[PDB]
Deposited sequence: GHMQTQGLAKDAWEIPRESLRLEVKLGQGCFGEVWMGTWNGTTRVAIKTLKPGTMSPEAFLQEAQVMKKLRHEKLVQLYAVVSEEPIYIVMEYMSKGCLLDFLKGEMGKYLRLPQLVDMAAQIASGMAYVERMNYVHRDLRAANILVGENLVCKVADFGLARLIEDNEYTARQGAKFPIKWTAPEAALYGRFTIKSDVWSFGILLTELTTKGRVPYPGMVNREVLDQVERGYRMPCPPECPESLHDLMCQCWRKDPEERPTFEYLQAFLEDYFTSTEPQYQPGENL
């Protein structure tokens, strides 16, 4: 057992905030007067996630803090006040998010994902459900299960979905798809397309259209995201940089609109 391991004690669970799939997510207080997030639930399968999170630190990736390696097993990490980006965009505070905010958030996540590019790590689950928001419109990557050193198809790339080939380039696919919700106020992609329709449609060569009120600027970008050859797709250094400089070098004339 290692430095990351802690006594089951000094941590109680104040609240319960999730448990959609297998386990539980509460928000307690830790190690004195420290607020945390705890995940609960091959008892090891659950912790393959922090074995990964152990090796990664970035300010735009939710951070681990401790993990109770023994059952009842838990993973302690940094609490993010504003739930997950999905609920956030669909929900009440999402009404007043215009492009600037929406593009901003994007970059933070590109940025964390640029780092993931650095460490030769892959996330096979990039979707606004796996991004957590904080005070200040701070967004960080999460859901570190599924991640290894280098399966819904709306969010997933074809090579991977079909042949299991999961690059960072396949994470990149998911980023484009995610851009749309960011700009769709949380909508499920491929509206009215079912998981069979989506597969050869997407093979058919077919990409989503410009979300209403979007700038084609961001659409050629997503589009670049969905290129069929995984290796001509951009990267998170490129995306991150493109995203940050966007309203000065990209759309430096953008004017505010009703819904964006």
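- Coordinate coverage of the deposited sequence is interrupted at 1-9, 51-55, 165-176, where no C-alpha atom was modelled.
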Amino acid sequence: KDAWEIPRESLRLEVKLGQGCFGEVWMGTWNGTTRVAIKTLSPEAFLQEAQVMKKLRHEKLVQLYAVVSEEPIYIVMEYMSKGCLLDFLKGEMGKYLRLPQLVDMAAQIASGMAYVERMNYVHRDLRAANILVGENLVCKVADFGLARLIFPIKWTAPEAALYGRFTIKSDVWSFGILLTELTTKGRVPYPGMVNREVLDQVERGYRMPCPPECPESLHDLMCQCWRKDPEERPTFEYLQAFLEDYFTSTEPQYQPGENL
From here on, numbers count along this sequence of modelled residues.
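- Between the stretches 244-252 and 5-13, it is 5-13 that shows the larger average CA temperature factor.
- Once the C-alpha B-factors are averaged per stretch, 110-118 and 70-78 rank with 70-78 first.
- Sorting 224, 235, 40, 217 by the CA temperature factor given in the entry leaves 40 at the top.
- Highest C-alpha temperature factor among 86, 147, 157, 178, as the PDB entry reports it: 147.
- Placement of the Cα temperature factor of residue 32 within the chain: highest third of the modelled residues, per the deposited record.
- When the CA B factors of the chain's modelled residues are split into thirds, the value for residue 104 lands in the lowest one.
- Ranked within its chain, residue 61 lands in the middle third, by CA B factor from the PDB record.
- Sorting the modelled residues of the chain by their CA temperature factor places residue 193 in the middle third.
- Per the deposited record, the Cα B-factor of residue 173 falls in the lowest third when ranked against the other modelled residues of its chain.
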